[PDB]
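Asker: Got a structure here, written out as C-alpha cells. Questions coming.
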Amino acid sequence: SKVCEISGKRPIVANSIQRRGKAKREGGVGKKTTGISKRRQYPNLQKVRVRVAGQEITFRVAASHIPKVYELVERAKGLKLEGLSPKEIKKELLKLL
Amino acid sequence: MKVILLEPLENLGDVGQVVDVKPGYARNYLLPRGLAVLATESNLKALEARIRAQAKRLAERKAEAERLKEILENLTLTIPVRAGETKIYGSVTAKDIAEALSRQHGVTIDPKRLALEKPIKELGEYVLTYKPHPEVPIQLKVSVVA
Amino acid sequence: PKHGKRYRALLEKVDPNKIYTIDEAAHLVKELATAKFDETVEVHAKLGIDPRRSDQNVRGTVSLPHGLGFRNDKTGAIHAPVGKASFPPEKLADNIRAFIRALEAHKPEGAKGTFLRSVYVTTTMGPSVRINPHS
RNA sequence: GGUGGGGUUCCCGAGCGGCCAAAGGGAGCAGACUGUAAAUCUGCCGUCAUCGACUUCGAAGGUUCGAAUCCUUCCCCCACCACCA
RNA sequence: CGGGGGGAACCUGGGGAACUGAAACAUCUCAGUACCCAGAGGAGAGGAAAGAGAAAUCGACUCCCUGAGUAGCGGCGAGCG
RNA sequence: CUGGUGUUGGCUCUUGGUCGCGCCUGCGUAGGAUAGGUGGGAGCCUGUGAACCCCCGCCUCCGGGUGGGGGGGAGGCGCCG
RNA sequence: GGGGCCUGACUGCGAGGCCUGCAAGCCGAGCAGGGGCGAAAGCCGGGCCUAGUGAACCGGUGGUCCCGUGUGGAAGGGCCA
Ligand SMILES: [Mg+2]
Ligand SMILES: [Mg+2]
Ligand SMILES: [Mg+2]
Ligand SMILES: [Mg+2]
Ligand SMILES: [Mg+2]
Ligand SMILES: [Mg+2]
Ligand SMILES: [Mg+2]
Ligand SMILES: [Mg+2]
Ligand SMILES: [Mg+2]
Ligand SMILES: [Mg+2]
Ligand SMILES: [Mg+2]
Ligand SMILES: [Mg+2]
Ligand SMILES: [Mg+2]
Ligand SMILES: [Mg+2]
Ligand SMILES: [Mg+2]
Ligand SMILES: [Mg+2]
Ligand SMILES: [Mg+2]
Ligand SMILES: [Mg+2]
Ligand SMILES: [Mg+2]
Ligand SMILES: [Mg+2]
Ligand SMILES: [Mg+2]
Ligand SMILES: [Mg+2]
Ligand SMILES: [Mg+2]
Ligand SMILES: [Mg+2]
Ligand SMILES: [Mg+2]
Ligand SMILES: [Mg+2]
Ligand SMILES: [Mg+2]
Ligand SMILES: [Mg+2]
Ligand SMILES: [Mg+2]
Ligand SMILES: [Mg+2]
Ligand SMILES: [Mg+2]
Ligand SMILES: [Mg+2]
Ligand SMILES: [Mg+2]
C-alpha cells in the first residue's frame with residue numbers, strides 16, 4: 001500500500017535504461033544500451049490532516065490530488081458521530097458512481 | 001490559488017474579497033484558522049448571493065429613507081405650547097415632536113434620530129434634521145396657547 | 001530644465017510608448033517645430049549590422065523624390081536628411097518611404113538579425129518619435 | 001570533431017586606440033662594493049644612432065586621421081568537452 | 001443482507017525468471033514463457049469508435065481462414081514480426 | 001553523495017541577470033580648448049530668472065567635469081577664428 | 001641523366017584473359033567524349049616492376065535529383081562522390 005486514497009495511484013514498474021554514445025540526431029553513430037533493469041516509480045504520497053466534525057481525519061494522498069481532499073471536506077453535512085471513518089466521505093462522496 | 005476572505009487581513013485583502021495566494025499558505029494557515037475559505041464555484045456563488053442580499057436590503061434602507069424624507073420636506077409640524085412670550089414655560093423635546101407626528105399627521109419617527117441636542121425653549125420657525133444615513137430636515141413651528 | 005519651454009511644449013505632444021505610422025508621424029511632426037526658422041527633418045535607424053567588420057557597411061547616394069530643397073557610423077546607427085520641415089505632410093511621407101526602402105536595398109548578407117531595429121522620426125531640434133518604418 | 005583560451009624585444013611577462021621602445025622580472029654588458037660566492041646599487045638593453053630617425057607585437061588584409069589594441073581569414077600551441085563503424 | 005473456503009484445465013489481472021539462442025557475450029533471444037499472487041465463472045476477456053486509414057471508403061467485440069513470414073523491426077546480428 | 005523540482009508556507013534584508021525608461025559617462029600640449037560617434041544645425045537657451053560669488057552632491061586626466069536650494073538678476077554659447 | 005612544352009595522378013565504358021574454393025587481386029586492346037606532347041607515325045586512363053593495406057555493418061560530409069505515410073511541403077531515407 002503506497003497508494004492514493006483519493007486517486008488510487010500506486011507504485012508502477014519502469015525499466016531504467018543505461019544509454020551510451022552520441023545521438024544519431026546529433027551526427028553520431030547513434031546510442032547503445034549498457035543496461036536495462038526494473039525499478040518502481042512511487043506516487044508522490046503525502047499526509048493531509050483535516051478537521052471534520054469535531055474530529056481530525058488523515059488522508060494518505062498523491063500530492064497530485066491534495067486539492068480533492070479539501071473539496072471533500074467541502075461537502076460536510078450529516079456526521080456528528082466519531083472515529084472512524086468518516087471516510088464516509090471517501091469513495092461514495094467522490095463521484096458516487 | 002484563489003480564496004475568499006472571511007476577515008480583513010492587513011494587506012492580502014479585506015472581508016469577502018477574492019485574493020489569490022500560495023496553496024501552502026492557504027491550506028495550512030488561512031483555511032484551518034477560518035480566516036479564509038476556498039474560491040470554489042459553489043462558494044464563489046454563495047458570496048455572489050450574499051453580495052446581492054446586502055446591496056438589496058441596503059436599498060431597503062434607502063427605500064423608506066428617501067421615501068419618508070420626501071414626505072417630511074413637504075410637511076410643517078405645528079406644536080402649540082403655553083408660551084407666555086418667546087420663552088416656553090414647559091419645553092418641546094424630541095419625544096414630544098415624535099408624538100406630534102403620531103398624533104397630528106399620523107407618522108412616526110425615532111425620536112432618538114432627531115438631533116435636537118437639549119430641549120426647545122422659546123419659539124420660532126424650526127428646522128432640524130432627521131435620519132438613518134442620507135436623509136431629511138423637518139420643519140416645525142412652536143406656537144402659543146395650549 | 002535641459003530643454004527650453006519651447007521644447008517642453010513638444011514633449012507633451014508625443015507618447016513615445018506608441019509606435020506611430022509614418023502617416024501619423026509626418027502630420028504630427030509639424031507640431032514638433034517651434035524653431036523660429038525652418039527646421040530640418042531627420043529619419044534615424046539603429047541597424048542590424050556589426051560595423052566593426054569591413055563587409056557589414058551601409059552606404060550609397062540617394063536623390064530624394066521631392067528633392068533636397070547616406071552612410072552608417074561605427075556604432076551601427078544611421079542618419080541622413082529626408083528634406084525640410086517646411087515640406088507638406090504628404091511631401092514628407094513620400095520622402096520617408098523614400099529613405100526607408102533605400103536602406104533595405106543595401107543590406108549586407110552577414111547582417112545578423114533585423115535590419116531596422118528602431119526607427120525614430122525626429123526633427124533637427126525635435127524630440128524622438130518612435131514609429132513603425134513598415135507603415 | 002567542438003567550445004574556450006593564447007601567440008609580444010634572448011626566456012618570461014603584462015599589454016594599451018589618442019604615441020607608448022611597448023611596464024616589470026630575469027639573463028647578458030659596462031660601472032661602483034670584494035676574503036669567496038653572492039646580495040644590494042648605477043647606466044646599457046628593437047635598431048641605426050647625432051638629437052632623433054626607422055623597422056617591429058603569430059600571419060595576410062581590412063577599419064580608421066591613428067593599430068602592439070578593433071575586425072575577416074590563415075597558423076600554431078594551451079585547455080576542456082565529446083565521439084569513434 | 002452479504003463475504004470467507006474449494007475446484008482438473010481453461011480465463012483475466014498484479015508481479016515475473018534462467019538455462020538456452022546468438023556457435024564467446026553485454027543490447028538482443030528464450031519470454032511476458034515458467035512460476036507466485038488476486039479474482040471471475042461455466043466460461044473468462046473484449047465490446048457499440050475521441051476506431052480504422054486513403055476509398056468520399058469501412059462501421060461494436062470475439063473467433064477461424066487469408067492477407068503474410070508481407071509491411072516493418074533488428075549488436076540491420078541471431079533473430080522478431 | 002548531489003543539482004533541479006513536488007510535498008512547501010509568513011516576514012525580511014541582500015544581491016546577480018536581462019529588457020525598458022530617465023541620467024551622467026569620454027581629452028595629443030595640439031581647434032582659446034580640459035572634443036566619445038555620426039546626422040541635422042547658425043542658431044537656439046534665457047529677464048517661466050542669466051553671468052556669478054556662496055553653502056551642497058558626486059566624479060575627477062584634479063584642470064575641471066558637474067548637478068541640489070538660493071542670494072543673484074541679464075545675459076551666455078556657436079557660425080564667424 | 002638534361003631540357004621544352006604540358007597535367008591522361010581524365011570522365012563514360014570495356015573485347016578478352018591471368019589468377020582463383022568464395023570473395024578478391026591482376027593485365028588489357030579497343031570504342032565515345034573531351035584533351036595534352038609531337039611535323040608526323042603516335043604516345044598519354046600516373047611512377048622499371050613485383051609491398052606502402054582492411055569485407056560488411058553504423059555514422060559523417062558535398063552534391064544530385066529518386067522515395068516522401070490523406071495532399072503541398074518538410075522530417076528522414078536512396079543514389080553519386
Ligand atoms: Mg533513468
Ligand atoms: Mg500536509
Ligand atoms: Mg499529475
Ligand atoms: Mg500538480
Ligand atoms: Mg506551487
Ligand atoms: Mg674577487
Ligand atoms: Mg682576493
Ligand atoms: Mg463467491
Ligand atoms: Mg470462490
Ligand atoms: Mg500479466
Ligand atoms: Mg492486484
Ligand atoms: Mg500472469
Ligand atoms: Mg541472459
Ligand atoms: Mg548466459
Ligand atoms: Mg550462447
Ligand atoms: Mg554456443
Ligand atoms: Mg561461455
Ligand atoms: Mg518479448
Ligand atoms: Mg477463490
Ligand atoms: Mg461472457
Ligand atoms: Mg462479459
Ligand atoms: Mg466489460
Ligand atoms: Mg517479442
Ligand atoms: Mg561628441
Ligand atoms: Mg572480363
Ligand atoms: Mg576521342
Ligand atoms: Mg601539334
Ligand atoms: Mg587504353
Ligand atoms: Mg554487425
Ligand atoms: Mg516528389
Ligand atoms: Mg501524415
Ligand atoms: Mg505527406
Ligand atoms: Mg532531404
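A note on labels: chains of the C-alpha cells are A, B, ... as shown, every chain counts residues from 1, and ligands are counted from 1 in their shown order.
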Taking only C-alpha atoms (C1' of nucleotides) into account and nothing else, which residues of chain F lie no more than 12 Å away from chain A? Please answer as an MDAnalysis selection string.
Answerer: chainID F and resid 6:8
Asker: Write the residues you've just listed into a file as a PDB file, in the first residue's frame, and include N, CA and C atoms (P, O5', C5', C4', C3', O3' and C1' of nucleotides) for each of them.
Answerer:
ATOM      1  P     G F   6       8.408  23.174  -6.784  1.00  0.00           P
ATOM      2  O5'   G F   6       7.718  21.768  -6.526  1.00  0.00           O
ATOM      3  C5'   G F   6       6.435  21.506  -7.058  1.00  0.00           C
ATOM      4  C4'   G F   6       5.900  20.204  -6.546  1.00  0.00           C
ATOM      5  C3'   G F   6       5.462  20.166  -5.095  1.00  0.00           C
ATOM      6  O3'   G F   6       4.179  20.738  -4.890  1.00  0.00           O
ATOM      7  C1'   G F   6       6.780  18.267  -5.567  1.00  0.00           C
ATOM      8  P     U F   7       3.984  21.886  -3.772  1.00  0.00           P
ATOM      9  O5'   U F   7       3.858  21.089  -2.404  1.00  0.00           O
ATOM     10  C5'   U F   7       2.794  20.176  -2.199  1.00  0.00           C
ATOM     11  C4'   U F   7       3.206  19.081  -1.274  1.00  0.00           C
ATOM     12  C3'   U F   7       3.554  19.528   0.117  1.00  0.00           C
ATOM     13  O3'   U F   7       2.421  19.798   0.912  1.00  0.00           O
ATOM     14  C1'   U F   7       5.158  17.981  -0.640  1.00  0.00           C
ATOM     15  P     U F   8       2.460  21.001   1.988  1.00  0.00           P
ATOM     16  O5'   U F   8       2.709  22.286   1.072  1.00  0.00           O
ATOM     17  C5'   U F   8       2.910  23.564   1.653  1.00  0.00           C
ATOM     18  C4'   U F   8       4.130  24.290   1.118  1.00  0.00           C
ATOM     19  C3'   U F   8       4.414  24.218  -0.391  1.00  0.00           C
ATOM     20  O3'   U F   8       4.823  25.513  -0.846  1.00  0.00           O
ATOM     21  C1'   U F   8       6.354  23.688   0.833  1.00  0.00           C
TER      22        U F   8
END
Asker: Name each residue within 10 Å of ligand 30, counting only C-alpha atoms (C1' of nucleotides) and all ligand atoms, as a PyMOL selection string.
Answerer: chain G and resi 66-68+72-73
Asker: Give the strand (DSSP E or B) residues of stretch 42-110 of chain B, as DSSP finds them on the backbone, and put them as a PDB file with N, CA and C atoms, in the first residue's frame.
Answerer:
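So the final result, stored in selection_23.pdb, reads:
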ATOM      1  N   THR B  76     -45.255  70.665   7.372  1.00  0.00           N
ATOM      2  CA  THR B  76     -44.893  71.530   8.514  1.00  0.00           C
ATOM      3  C   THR B  76     -45.588  71.047   9.794  1.00  0.00           C
ATOM      4  N   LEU B  77     -44.809  70.906  10.864  1.00  0.00           N
ATOM      5  CA  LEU B  77     -45.359  70.418  12.117  1.00  0.00           C
ATOM      6  C   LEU B  77     -45.584  71.562  13.091  1.00  0.00           C
ATOM      7  N   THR B  78     -46.845  71.883  13.347  1.00  0.00           N
ATOM      8  CA  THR B  78     -47.154  72.950  14.286  1.00  0.00           C
ATOM      9  C   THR B  78     -47.508  72.394  15.648  1.00  0.00           C
ATOM     10  N   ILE B  79     -46.683  72.767  16.620  1.00  0.00           N
ATOM     11  CA  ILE B  79     -46.954  72.478  18.013  1.00  0.00           C
ATOM     12  C   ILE B  79     -47.267  73.770  18.780  1.00  0.00           C
ATOM     13  N   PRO B  80     -48.466  73.820  19.400  1.00  0.00           N
ATOM     14  CA  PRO B  80     -48.897  74.758  20.441  1.00  0.00           C
ATOM     15  C   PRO B  80     -48.299  74.494  21.818  1.00  0.00           C
ATOM     16  N   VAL B  81     -47.772  75.529  22.451  1.00  0.00           N
ATOM     17  CA  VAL B  81     -47.272  75.419  23.812  1.00  0.00           C
ATOM     18  C   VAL B  81     -47.851  76.548  24.656  1.00  0.00           C
ATOM     19  N   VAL B  92     -40.394  71.715  24.418  1.00  0.00           N
ATOM     20  CA  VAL B  92     -40.649  70.673  23.455  1.00  0.00           C
ATOM     21  C   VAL B  92     -39.337  69.900  23.292  1.00  0.00           C
TER      22      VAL B  92
END
Asker: Let me see if you get this right: every residue at most 8 Å from ligand 5, counting only C-alpha atoms (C1' of nucleotides) and all ligand atoms, written as a PDB file with N, CA and C atoms (P, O5', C5', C4', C3', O3' and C1' of nucleotides), in the first residue's frame.
Answerer:
ATOM      1  N   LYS B  22      -0.518  31.642  -2.211  1.00  0.00           N
ATOM      2  CA  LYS B  22       0.223  30.385  -2.338  1.00  0.00           C
ATOM      3  C   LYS B  22      -0.520  29.240  -1.652  1.00  0.00           C
ATOM      4  N   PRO B  23      -0.675  28.078  -2.333  1.00  0.00           N
ATOM      5  CA  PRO B  23      -1.516  26.992  -1.815  1.00  0.00           C
ATOM      6  C   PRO B  23      -1.044  26.498  -0.459  1.00  0.00           C
ATOM      7  N   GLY B  24       0.261  26.493  -0.231  1.00  0.00           N
ATOM      8  CA  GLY B  24       0.783  26.264   1.099  1.00  0.00           C
ATOM      9  C   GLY B  24       0.218  27.206   2.164  1.00  0.00           C
TER      10      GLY B  24
ATOM     11  P     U F   8       2.460  21.001   1.988  1.00  0.00           P
ATOM     12  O5'   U F   8       2.709  22.286   1.072  1.00  0.00           O
ATOM     13  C5'   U F   8       2.910  23.564   1.653  1.00  0.00           C
ATOM     14  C4'   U F   8       4.130  24.290   1.118  1.00  0.00           C
ATOM     15  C3'   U F   8       4.414  24.218  -0.391  1.00  0.00           C
ATOM     16  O3'   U F   8       4.823  25.513  -0.846  1.00  0.00           O
ATOM     17  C1'   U F   8       6.354  23.688   0.833  1.00  0.00           C
TER      18        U F   8
END
Asker: Need to verify the contact set: stretch 56-68 of chain F, 12 Å, only C-alpha atoms (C1' of nucleotides), exclusion of same-chain residues closer than 6 positions in sequence. Can you return it as a ChimeraX atom specification?
Answerer: /C:1-2 /F:23-27,33-34
Asker: Report the closest atom pair, with its distance in Å rounded to one decimal, for each residue of chain E that has an atom no farther than 9 Å from ligand 29; count only C-alpha atoms (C1' of nucleotides) and all ligand atoms, sort by chain and then rising residue number, and write it as a tab-separated table.
Answerer:
residue	atom	partner	partner_atom_place_in_ligand_line	distance
E:75	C1'	ligand 29	1 (Mg)	5.8
E:76	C1'	ligand 29	1 (Mg)	8.2
E:77	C1'	ligand 29	1 (Mg)	5.7
Asker: With only C-alpha atoms (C1' of nucleotides) as the counted atoms, please give the residues lying no more than 8 Å from residue C:108, apart from itself and same-chain residues fewer than 6 positions off, as a ChimeraX atom specification.
Answerer: /C:55-58
Asker: Mind dumping the selected residues with N, CA and C atoms as a PDB file, in the first residue's frame?
Answerer:
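Writing done, so here's selection-v6.pdb:
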ATOM      1  N   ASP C  55      32.738  44.167 -44.161  1.00  0.00           N
ATOM      2  CA  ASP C  55      31.708  43.796 -45.129  1.00  0.00           C
ATOM      3  C   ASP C  55      30.270  44.065 -44.693  1.00  0.00           C
ATOM      4  N   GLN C  56      30.081  44.622 -43.503  1.00  0.00           N
ATOM      5  CA  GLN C  56      28.731  44.877 -42.996  1.00  0.00           C
ATOM      6  C   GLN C  56      28.224  46.306 -43.190  1.00  0.00           C
ATOM      7  N   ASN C  57      28.977  47.134 -43.911  1.00  0.00           N
ATOM      8  CA  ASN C  57      28.627  48.549 -44.088  1.00  0.00           C
ATOM      9  C   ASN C  57      27.408  48.843 -44.973  1.00  0.00           C
ATOM     10  N   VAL C  58      26.752  49.969 -44.682  1.00  0.00           N
ATOM     11  CA  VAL C  58      25.659  50.506 -45.498  1.00  0.00           C
ATOM     12  C   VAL C  58      25.945  51.939 -45.977  1.00  0.00           C
TER      13      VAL C  58
END
Asker: Using only C-alpha atoms (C1' of nucleotides), determine which residues lie at most 12 Å from residue G:33, disregarding the query and same-chain residues fewer than 4 positions distant; provide the list as a ChimeraX atom specification.
Answerer: /G:10-13
Asker: Could you give me, as a VMD selection string, the residues within 12 Å of residue C:106, counting only C-alpha atoms (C1' of nucleotides) and dropping anything in the same chain fewer than 4 positions from it?
Answerer: chain C and resid 47 to 49 55 to 62 70 to 72 99 to 102 110 to 111 115 to 116
Asker: Could you write those residues out with N, CA, C and O atoms, as a short mmCIF file (atom, residue, chain, number, x, y, z; two decimals), in the first residue's frame?
Answerer:
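Saved to result-v8.cif:
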data_model
loop_
_atom_site.label_atom_id
_atom_site.label_comp_id
_atom_site.auth_asym_id
_atom_site.auth_seq_id
_atom_site.Cartn_x
_atom_site.Cartn_y
_atom_site.Cartn_z
N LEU C 47 20.74 49.80 -36.70
CA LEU C 47 20.80 48.78 -37.74
C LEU C 47 21.25 47.40 -37.27
O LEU C 47 21.95 47.25 -36.27
N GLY C 48 20.87 46.41 -38.06
CA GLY C 48 21.09 45.02 -37.73
C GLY C 48 22.46 44.54 -38.14
O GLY C 48 22.64 43.38 -38.48
N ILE C 49 23.42 45.45 -38.16
CA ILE C 49 24.79 45.09 -38.54
C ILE C 49 25.84 45.30 -37.45
O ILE C 49 25.64 46.07 -36.51
N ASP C 55 32.74 44.17 -44.16
CA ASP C 55 31.71 43.80 -45.13
C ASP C 55 30.27 44.07 -44.69
O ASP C 55 29.34 43.74 -45.42
N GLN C 56 30.08 44.62 -43.50
CA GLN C 56 28.73 44.88 -43.00
C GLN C 56 28.22 46.31 -43.19
O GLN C 56 27.17 46.66 -42.66
N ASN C 57 28.98 47.13 -43.91
CA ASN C 57 28.63 48.55 -44.09
C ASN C 57 27.41 48.84 -44.97
O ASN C 57 27.07 48.07 -45.87
N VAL C 58 26.75 49.97 -44.68
CA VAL C 58 25.66 50.51 -45.50
C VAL C 58 25.95 51.94 -45.98
O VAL C 58 25.92 52.88 -45.18
N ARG C 59 26.19 52.11 -47.28
CA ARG C 59 26.36 53.44 -47.86
C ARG C 59 25.96 53.46 -49.34
O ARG C 59 26.12 52.47 -50.05
N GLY C 60 25.45 54.60 -49.77
CA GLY C 60 25.18 54.85 -51.17
C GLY C 60 24.93 56.33 -51.35
O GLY C 60 25.23 57.13 -50.46
N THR C 61 24.39 56.70 -52.51
CA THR C 61 23.88 58.05 -52.68
C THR C 61 22.40 57.94 -53.02
O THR C 61 21.94 56.94 -53.58
N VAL C 62 21.64 58.96 -52.65
CA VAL C 62 20.21 58.98 -52.92
C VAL C 62 19.77 60.36 -53.41
O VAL C 62 20.24 61.39 -52.92
N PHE C 70 23.87 58.71 -47.87
CA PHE C 70 23.71 58.18 -46.52
C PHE C 70 24.73 57.09 -46.22
O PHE C 70 25.07 56.28 -47.08
N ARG C 71 25.20 57.08 -44.98
CA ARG C 71 26.14 56.06 -44.51
C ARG C 71 25.98 55.82 -43.02
O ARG C 71 25.58 56.73 -42.28
N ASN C 72 26.28 54.60 -42.58
CA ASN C 72 26.25 54.21 -41.17
C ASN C 72 27.52 54.61 -40.43
O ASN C 72 28.62 54.53 -40.97
N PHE C 99 13.56 56.93 -48.05
CA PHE C 99 14.80 56.56 -47.37
C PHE C 99 14.71 55.17 -46.78
O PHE C 99 15.69 54.41 -46.80
N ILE C 100 13.54 54.83 -46.26
CA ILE C 100 13.31 53.52 -45.66
C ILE C 100 13.64 52.42 -46.66
O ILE C 100 14.53 51.61 -46.41
N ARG C 101 12.96 52.42 -47.80
CA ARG C 101 13.19 51.39 -48.80
C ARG C 101 14.53 51.57 -49.51
O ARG C 101 14.93 50.72 -50.30
N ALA C 102 15.21 52.68 -49.25
CA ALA C 102 16.52 52.92 -49.85
C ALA C 102 17.60 52.13 -49.12
O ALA C 102 18.55 51.63 -49.73
N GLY C 110 25.88 39.21 -44.31
CA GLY C 110 26.27 38.83 -42.97
C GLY C 110 25.49 39.59 -41.93
O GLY C 110 25.80 39.52 -40.75
N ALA C 111 24.47 40.33 -42.36
CA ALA C 111 23.66 41.06 -41.41
C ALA C 111 22.90 40.04 -40.60
O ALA C 111 22.09 39.29 -41.13
N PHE C 115 17.12 44.26 -39.82
CA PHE C 115 17.90 45.37 -40.37
C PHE C 115 17.48 46.71 -39.78
O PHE C 115 18.32 47.56 -39.50
N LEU C 116 16.18 46.89 -39.58
CA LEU C 116 15.72 48.06 -38.86
C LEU C 116 15.21 47.65 -37.50
O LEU C 116 14.11 47.12 -37.36
#
Asker: Any idea what's packed within 12 Å of residue D:14, counting only C-alpha atoms (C1' of nucleotides), ignoring anything in its chain fewer than 2 positions away? Could you give it as a PyMOL selection string?
Answerer: chain D and resi 8+12+16+22-25+68
Asker: Just write the chosen residues, C-alpha atoms (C1' of nucleotides), as a PDB file, in the first residue's frame.
Answerer:
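Result file out.pdb:
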ATOM      1  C1'   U D   8      54.787  40.168 -27.774  1.00  0.00           C
ATOM      2  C1'   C D  12      59.197  35.125 -19.071  1.00  0.00           C
ATOM      3  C1'   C D  16      47.244  49.701 -24.186  1.00  0.00           C
ATOM      4  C1'   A D  22      55.914  48.947 -25.693  1.00  0.00           C
ATOM      5  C1'   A D  23      55.510  48.301 -17.642  1.00  0.00           C
ATOM      6  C1'   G D  24      58.267  44.868 -14.969  1.00  0.00           C
ATOM      7  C1'   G D  25      61.240  40.166 -13.673  1.00  0.00           C
ATOM      8  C1'   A D  68      51.480  46.003 -30.023  1.00  0.00           C
TER       9        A D  68
END
Asker: 10 Å from ligand 16 is the threshold here; counting only C-alpha atoms (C1' of nucleotides) and all ligand atoms, which polymer residues fall inside it? Answer as number ranges by chain.
Answerer: E: 20-24
Asker: Give the helix (DSSP H, G or I) residues of chain A, as DSSP finds them on the backbone, and put them as an NGL selection string.
Answerer: :A and (63-74)
Asker: Can you work out the spacing between atom CA of residue B:19 and atom CA of residue A:89 in Å, to one decimal?
Answerer: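 Atom-to-atom, atom CA of residue B:19 to atom CA of residue A:89, that is 28.6 Å.
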Asker: Kindly compile the residues surrounding ligand 27 within 10 Å, counting only C-alpha atoms (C1' of nucleotides) and all ligand atoms, and format them as a PyMOL selection string.
Answerer: chain G and resi 36-40
Asker: Just the selected residues (N, CA and C atoms (P, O5', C5', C4', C3', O3' and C1' of nucleotides)), exported as a PDB file, in the first residue's frame, please.
Answerer:
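Okay, this is what ended up in out.pdb:
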ATOM      1  P     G G  36      44.786  20.909 -75.165  1.00  0.00           P
ATOM      2  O5'   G G  36      46.094  20.154 -74.679  1.00  0.00           O
ATOM      3  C5'   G G  36      46.626  20.382 -73.392  1.00  0.00           C
ATOM      4  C4'   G G  36      47.630  19.321 -73.105  1.00  0.00           C
ATOM      5  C3'   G G  36      48.766  19.247 -74.098  1.00  0.00           C
ATOM      6  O3'   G G  36      49.737  20.255 -73.904  1.00  0.00           O
ATOM      7  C1'   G G  36      47.969  17.078 -73.643  1.00  0.00           C
ATOM      8  P     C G  37      50.416  20.932 -75.181  1.00  0.00           P
ATOM      9  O5'   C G  37      51.536  19.898 -75.610  1.00  0.00           O
ATOM     10  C5'   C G  37      52.750  19.846 -74.903  1.00  0.00           C
ATOM     11  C4'   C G  37      53.526  18.635 -75.310  1.00  0.00           C
ATOM     12  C3'   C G  37      53.912  18.562 -76.773  1.00  0.00           C
ATOM     13  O3'   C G  37      54.981  19.423 -77.148  1.00  0.00           O
ATOM     14  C1'   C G  37      53.049  16.485 -76.095  1.00  0.00           C
ATOM     15  P     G G  38      54.954  20.188 -78.564  1.00  0.00           P
ATOM     16  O5'   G G  38      55.129  19.015 -79.615  1.00  0.00           O
ATOM     17  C5'   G G  38      56.371  18.337 -79.676  1.00  0.00           C
ATOM     18  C4'   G G  38      56.311  17.206 -80.661  1.00  0.00           C
ATOM     19  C3'   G G  38      55.811  17.527 -82.072  1.00  0.00           C
ATOM     20  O3'   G G  38      56.700  18.288 -82.906  1.00  0.00           O
ATOM     21  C1'   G G  38      54.773  15.551 -81.310  1.00  0.00           C
ATOM     22  P     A G  39      56.314  19.791 -83.430  1.00  0.00           P
ATOM     23  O5'   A G  39      56.038  19.550 -84.997  1.00  0.00           O
ATOM     24  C5'   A G  39      54.745  19.758 -85.571  1.00  0.00           C
ATOM     25  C4'   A G  39      54.659  19.144 -86.946  1.00  0.00           C
ATOM     26  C3'   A G  39      53.936  17.812 -87.047  1.00  0.00           C
ATOM     27  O3'   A G  39      52.529  17.912 -87.126  1.00  0.00           O
ATOM     28  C1'   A G  39      55.980  17.702 -88.218  1.00  0.00           C
ATOM     29  P     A G  40      51.697  16.998 -86.111  1.00  0.00           P
ATOM     30  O5'   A G  40      51.873  15.523 -86.691  1.00  0.00           O
ATOM     31  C5'   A G  40      51.226  15.117 -87.873  1.00  0.00           C
ATOM     32  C4'   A G  40      52.017  14.008 -88.499  1.00  0.00           C
ATOM     33  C3'   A G  40      51.858  12.650 -87.842  1.00  0.00           C
ATOM     34  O3'   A G  40      50.733  11.938 -88.301  1.00  0.00           O
ATOM     35  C1'   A G  40      54.148  13.132 -88.130  1.00  0.00           C
TER      36        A G  40
END
Asker: Do me a favour and pick out the residues of chain A within 9 Å of chain B, using only C-alpha atoms, as a list in words.
Answerer: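 Applying the cut-off to the listed atoms yields residues 50, 51, 70, 71 and 74 of chain A.
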Asker: Hey, which of E:2, E:61, E:27, E:10 ends up closest to chain A? Count only C-alpha atoms (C1' of nucleotides).
Answerer: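 Among the listed residues, E:27 lies closest to chain A.
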Asker: Suppose you want the space between atom CA of residue C:67 and atom CA of residue C:79; what is it in Å?
Answerer: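 Between atom CA of residue C:67 and atom CA of residue C:79 the gap is 17.1 Å.
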Asker: Which residues are near ligand 9 - at most 9 Å, using only C-alpha atoms (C1' of nucleotides) and all ligand atoms? Format: as a list in words.
Answerer: residues 5, 6, 7, 39 and 40 of chain E
Asker: Restrict the calculation to only C-alpha atoms (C1' of nucleotides), then for each residue of chain G with any atom at most 10 Å from an atom of chain A give the closest atom pair and their distance in Å to one decimal, rows by chain and rising residue number, as a Markdown table.
Answerer:
| residue | atom | partner | partner_atom | distance |
| --- | --- | --- | --- | --- |
| G:58 | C1' | A:29 | CA | 5.6 |
| G:59 | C1' | A:29 | CA | 4.2 |
| G:60 | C1' | A:27 | CA | 6.7 |
